[PDB]
Number of protein chains: 2
Amino acid sequence: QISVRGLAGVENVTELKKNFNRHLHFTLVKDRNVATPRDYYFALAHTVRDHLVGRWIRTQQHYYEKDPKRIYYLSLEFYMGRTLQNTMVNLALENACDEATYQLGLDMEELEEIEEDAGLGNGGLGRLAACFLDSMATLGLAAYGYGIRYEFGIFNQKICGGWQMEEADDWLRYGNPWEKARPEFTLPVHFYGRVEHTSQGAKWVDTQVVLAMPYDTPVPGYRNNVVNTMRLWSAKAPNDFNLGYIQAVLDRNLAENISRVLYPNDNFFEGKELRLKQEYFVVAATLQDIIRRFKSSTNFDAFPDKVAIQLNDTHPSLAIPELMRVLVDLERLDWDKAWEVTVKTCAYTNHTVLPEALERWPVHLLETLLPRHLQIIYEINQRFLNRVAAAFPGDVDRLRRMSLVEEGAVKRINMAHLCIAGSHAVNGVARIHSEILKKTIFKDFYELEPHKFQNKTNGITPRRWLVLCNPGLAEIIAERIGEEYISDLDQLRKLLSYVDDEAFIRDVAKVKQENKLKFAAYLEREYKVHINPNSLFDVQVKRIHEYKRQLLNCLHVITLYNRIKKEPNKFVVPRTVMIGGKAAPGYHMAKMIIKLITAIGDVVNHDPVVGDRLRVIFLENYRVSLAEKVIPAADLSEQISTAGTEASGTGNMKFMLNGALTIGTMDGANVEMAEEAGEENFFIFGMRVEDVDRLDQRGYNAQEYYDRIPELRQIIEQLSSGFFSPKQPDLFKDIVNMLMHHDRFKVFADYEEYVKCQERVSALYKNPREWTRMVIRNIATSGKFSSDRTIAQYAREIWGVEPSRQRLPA
Amino acid sequence: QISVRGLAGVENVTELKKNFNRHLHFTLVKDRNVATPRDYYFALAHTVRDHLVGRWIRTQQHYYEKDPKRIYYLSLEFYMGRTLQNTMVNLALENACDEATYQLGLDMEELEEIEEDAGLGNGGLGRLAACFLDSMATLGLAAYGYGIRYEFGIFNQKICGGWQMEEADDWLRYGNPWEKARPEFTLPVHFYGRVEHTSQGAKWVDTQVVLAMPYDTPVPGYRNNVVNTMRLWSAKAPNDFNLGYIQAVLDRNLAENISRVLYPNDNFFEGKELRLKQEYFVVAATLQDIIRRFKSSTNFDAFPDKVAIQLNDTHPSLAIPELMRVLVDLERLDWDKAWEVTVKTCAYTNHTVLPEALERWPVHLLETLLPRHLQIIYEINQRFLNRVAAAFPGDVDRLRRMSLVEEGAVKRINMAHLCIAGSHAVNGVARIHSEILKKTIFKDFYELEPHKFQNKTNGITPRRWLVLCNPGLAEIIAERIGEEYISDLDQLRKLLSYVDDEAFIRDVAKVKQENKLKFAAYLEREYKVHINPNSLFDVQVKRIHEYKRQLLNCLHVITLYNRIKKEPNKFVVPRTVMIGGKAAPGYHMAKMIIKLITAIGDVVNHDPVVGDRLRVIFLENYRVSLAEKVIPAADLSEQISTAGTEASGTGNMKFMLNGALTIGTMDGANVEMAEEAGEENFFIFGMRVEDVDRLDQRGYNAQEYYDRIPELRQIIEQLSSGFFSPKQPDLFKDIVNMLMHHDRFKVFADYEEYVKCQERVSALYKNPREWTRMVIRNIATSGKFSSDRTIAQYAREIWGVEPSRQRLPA
Ligand SMILES: O=c1[nH]cnc2c1ncn2[C@@H]1O[C@@H](COP(=O)(O)O)[C@@H](O)[C@H]1O
Ligand SMILES: O=c1[nH]cnc2c1ncn2[C@@H]1O[C@@H](COP(=O)(O)O)[C@@H](O)[C@H]1O
Ligand SMILES: N[C@@H]1[C@@H](O)[C@H](O)[C@@H](CO)O[C@H]1c1nnc(-c2ccccc2)[nH]1
Ligand SMILES: N[C@@H]1[C@@H](O)[C@H](O)[C@@H](CO)O[C@H]1c1nnc(-c2ccccc2)[nH]1
Ligand SMILES: *Cc1c(COP(=O)(O)O)cnc(C)c1O
Ligand SMILES: *Cc1c(COP(=O)(O)O)cnc(C)c1O
């Protein structure tokens, strides 16, 4: 149908149809008369997978021969989403497969919907890893994603009576055709035990063994025939484990629990033993694999020339003392050599400054679980503090602040301090965030080792987040400027010379309207709710957090409602306000916010006087595949975190790419986005970082805002008095109390400026031509936020490898 | 190479080679330069499996169209062994695959050895089910095996210091290419709850739901293009199960434990809740499946015309009250109609008279777990006892004896009594056993309903147990009489006219010697032990049990040793005495017997004076694939159970088929075997059933035998004094004490006759021509013990279906 989806040659279509039927018969053991759409999806998935494996074998082969430097991306999360369409896009098979399935009387688009998301992530951090893998493959880097194959990913969210209920994401129920189990590369991982010191050095003994079995998933690059590997480890008990009999067999589950379930906390630290086991598990198995692959190139001087290990936050920070343990205890290098190798090999990306997200493991946990690693951590700390003392003699407070070990009732290890000490590069994820690291939480570390600290602003892959999710927009862009932009997104700047072209303005707006029609229809089919598609689509989708200020959005929504009730017969630009996202299961306040959102919806959506002028919709089970549907449909993107709290954000970039205007604070990557588009093409409001600091210095008094703003007072009175919860008048007392007395994120401080800025948005939406011209200016300057740019910067400035756009042979 | 292995056409070989490489590349994602033998096995297994699926789809299709009566074989055990070679044999692919693998530079025989046994059984009962499935498919019956897909089968046995250690049989580690998961046919199974009685009848409510997910394995018939299904259920938790969060997800294991592990007790009852859950699980899921398939033919009069359910012992006895529950509570038939249907549908095979093996479930278990089934069982009991009272008025003892509910401190349900009451046919498994059922344990039931009671003597499949495991013997037989005997084993009688043919005598003996060379070599390679292959191979392989009297064998072995030490320079026919088998993990006495066997070995095998005249070898990890190796190698088969205790035996039949002579008691199917071969061609010794009874009446005094037999006294003194355990002088005090004071199986009563009979065996072995002529007379009359004969009898006399040897189209 459309250009960017590739050729549909007669032979290629013929061969796909043939292989579809071969898989249906032989692989699935089905005849055509009993096959369900699920069977057809699987038959298609197996036929597409066949086109990967030649390239996969050939790529891994090539890396063995050429022996390039190898990048290992360690993360506890990889939020991959669906693989089928992305694989088709990257192999130029999408039109051929659509044609092939069409001739068999099947609609590929409905088969795509049957695929389960691989939800092995919480949100931004996990998705960044997935986007990074795609960019690494697209840029020809010999890169490996290493993580955990969780049996259960991020929970599926049901709304019941307006409350979040969680249910297990049993994503492997029907099988995963994309993965290949590799039981032959199973590795032992050790826990507990104790340390003996011999004359031959320290020796970790009497350990519990858990086996790590790898599963490999292909990661195809964009049209370059490169297929990299994501290797995910699964926990398996050894066969002599616990070996009355029956119970011993049943107790194998205790070991296999390690890989059972993703911890569902976004931007929050829960210090549980099972979590620490997960972190060591992925680190230990991965490093053995790294070292084994390295020894097929006993001299570790060249280790950092052949190996880069990137730590995705502190979650795999134990790679540092683990690498030391292997090099010192097993390989018998001296400490200083091993440390040189370790630092030159490792690099740390920080993703948050919120103190409740920082990993600080109690020493008693580490002492019990990983006694040798704790010894090595103490030794690292001592030698590090000796360098600090020598650089800053007499500054004993600095020594206390910089220590890897923090004192208190509970002694803890600060894993961020470990990462900084044991890495040659430390980077934040947007310019303002990287600056905040140097000025606040890591100021001491910056003063000692200024050279370590870098910025690598985040990005998103334009394959998934444009070509895949918004083909109509990709096509009209490709009509004017060609297809090269898909792997060189800076080329979107050429769209600035179409900002006054009437045809392009019309096409940009037509695609947006088509996406909105399609999403409005999707809402009606799957969740029985009617949406006016002529309304402005005001969307805030992201995990539910106090710092992300879905509550601020809620306050605007109730303001628009109160204004309509005040002057019912005045014109107002209609809006569909959509808010979606998961709350962590134990985050009480986040769960209350969801309940408030749906409670507002219950009042607003059923008021006859409102009509279709204002709808509030809670989008259930926000996940990667729902982001692919709703982001192309959005007009207004809500990026309204308190300044200084959102490290980067990446949802923000997805919306910019897909023709939505942004209302947001000068936080995270919003600052760079506005800078790229021009501030005049962005709805910027609220406190800057500097204003938040000033307000902290004198003290944040929310009562002041409540006293001075009648419109705000009315809302707080409505919440308190039971206007939004008639049967439970005091249901939201915790929310009010927090907003008045304990609001860390200063919701009221930004209320007035937010509502005024929202008025300017509405004014511009009344003039479609100028709205769409502003949209074009956004889309055209979104090139910087390609993860290809991000990865090229990692490669050149941290890993020391040159990226490449050149094709492997097919 | 050999005829019975089929044709190796040029095109057929070419196509297998092509598909081997296709699977290696696409399915396994391996190049030739990194493939291990395991990869090659898997590539072959996938290529052979491809030849099944057309026939599989076509067979299930055919049964949908023709709608024959369907046989459901319910068992908790299916001891399948390896599938690869059996599949090749039954599809006539063995020579083509051997040629195809040869041309790729691979030895098929070493690839076969990589396949794991499917060890979802303990011994005889589980193997009978596997043999039955093969025969059902070979005879064109529309038959389904229904069981549990245990993650862990019968434990792997290691010997450590002469003691059995158990380790988990992780048979699915590397994947099972033979199975097809069918998550789409997942069914709910209910547990716990309580019963409400409404006006609309009884209602089972507040239940815990466990999901049953089926996995299908093909069961190919012998060269008839019929492929039946074995459907095995796996336990899965529902996604709202337990739904703080993490723990709820981790607790999904509590439900999935149901299918985790096979209970490893042979011929013994352990009344554990997990076992009862397994029994209900397989019954509940299976019956829903039966009923669903039936409703695609609301009138249940025709149910028994379309459905036969065979109960493999009492293990799936809950099928009876479950079928009632569905028909009465859900389908709303009246009780008497439902009962008619149930009885006409169900049939029960008894497999043991040992009282410790009989399932007697405590009422408190059933009351908690299956409260509705207990109500139905009481109702069944009441109406049954009303029939007994009316037939035998005033016989109140009979009422007490026949009750399904037995009184005592603990009230129990006698599940055998339930099966008899709720089945139209009850059969034993060998003629003497079926007679014992009518004269002793079920005498009362026989008097009430004589028509129910039948015999169906066991059999073994000659595909696995001759063609597959002993190709050389199959070939020389096929040279003289053709190949038709493989599916019509009675044709082996034609071999009686070659009993005086010098060429055939020589070939029969040559094959035996070749099998012995091959097995002696196997022993040396895999377990570093040297065996004289000119010696007589005296083998006892079967589960370790007191009733099977491995101890009697031990006493003979020590007798031969003591005789050699007494007269060292006298000639003795050399023997390799091989004993193998697993002890149930909690069966202390069985574990001691293993230790005695290895202890005897330690003394005997290291005595210079003995030389290679006597070796005692404990065969480790006796399983189906080891039976395939050792049984063809055997000269003497030891079937030495106390008369009346071995229901049938099936090892006995395997040895008869493969050219071994039998030394045994008149027990189980030995009686019919001797009757077929002639008593003169069988080494029969010991008490008959009648003699055991007489000895019980007056009382078994073991001291009498110890006092009268000096040779026996010496052995008991050697055991007691520490001759066989020098470092632990009293190690075997429990064995001695049992033999002298508490021997239920009368080992000493048969000692004298056993040793004399063993002398006659040795005498005959000195004359090879006459040994081999006796062997021919055994092989030639082993036809009755084909499971094809057994299944044809089930089909005609119980199920009411006609078997067929005719081919489906290819
Ligand atoms: O000894 C060898 N000969 C040829 N290729 C090899 C050898 N060892 C590794 N390779 C290649 O590199 C491997 C990639 O997987 P890795 O061992 O995880 O790096 C294989 O898939 C081969 O393509
Ligand atoms: O509606 C139908 N049309 C055609 N074939 C059917 C239909 N329902 C069942 N079958 C056949 O019978 C089935 C055998 O599996 P079953 O449903 O477990 O008996 C399928 O594999 C089909 O071959
Ligand atoms: N909030 C930031 C986002 O601003 C950022 O865009 C994303 C990727 O850098 O990382 C997110 C992130 N930071 N910490 C986590 C985190 C911490 C602990 C567990 C799970 C996720 N995620
Ligand atoms: N001992 C008999 C054998 O004599 C018989 O050959 C076999 C098949 O009928 O069944 C065996 C058997 N009987 N009961 C069991 C059993 C009972 C409980 C659990 C597992 C197996 N197995
Ligand atoms: C991109 C993405 C996120 C991150 O969004 P932010 O607005 O940066 O928090 C979270 N969840 C999903 C499913 C995503 O695709
Ligand atoms: C046939 C068989 C049995 C049953 O043997 P008996 O001598 O009848 O107890 C037990 N185990 C295996 C592995 C078998 O193949």
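One-based numbering along the chain as shown.
Header lists the method as X-ray crystallography, 2.5 Å.
Keep in mind that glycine also has a Cβ here, set from the backbone N, Cα and C atoms.
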- Query: Among B:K439, B:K512, B:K654, which is annotated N6-(pyridoxal phosphate)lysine in Swiss-Prot?
  - Reply: B:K654
- If you count the C-beta atoms lying within 10 Å of each candidate's C-beta, which of the modified residues B:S403, B:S721 ends up with the smallest number? B:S721
- Query: If H, G and I count as helix, E and B as strand, and all else as coil, what does DSSP give for B:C131 (site 'Involved in the association of subunits')?
  - Reply: helix
- Query: How long is the Cα to Cα distance in Å for the two residues, B:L243 and B:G244, that sit at each end of the 6 unmodelled positions?
  - Reply: 9
- Note on the structure: Flanks of unmodelled region: B:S297 and B:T298, 9 residues missing; rounded Cα separation in Å is 10
- Message: Tell me the Cα distance separating B:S720 (phosphoserine) from B:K654 (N6-(pyridoxal phosphate)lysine), rounded to the nearest angstrom.
- Response: 37
- Those residues of the chain, 6+ apart, with a Cβ under 8 Å from that of B:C97 (site 'Involved in the association of subunits'): B:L16, B:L44, B:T47, B:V48, B:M88, B:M108
- Note on the structure: Between the recorded positions B:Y144, B:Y192, B:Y215, B:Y446, the one whose Cβ has the fewest other Cβ atoms within 10 Å is B:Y192
- Message: Tell me which of the recorded positions B:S3, B:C131, B:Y215, B:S487, B:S720 ends up closest to B:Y192 (phosphotyrosine) in space, Cα to Cα.
- Response: B:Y215
- Task: List the residues of the same chain that sit at least 6 positions away from B:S3 (phosphoserine) in sequence and have their Cβ under 8 Å from its Cβ, in sequence order, or write 'none'.
- Result: B:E475, B:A478, B:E479, B:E483
- Item | Assigned conformation of B:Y192 (phosphotyrosine) - DSSP reduced to three states | strand
- Can you tell which of the recorded positions B:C131, B:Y215, B:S720 lies nearest to B:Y446 (phosphotyrosine) in space, using Cα positions? B:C131
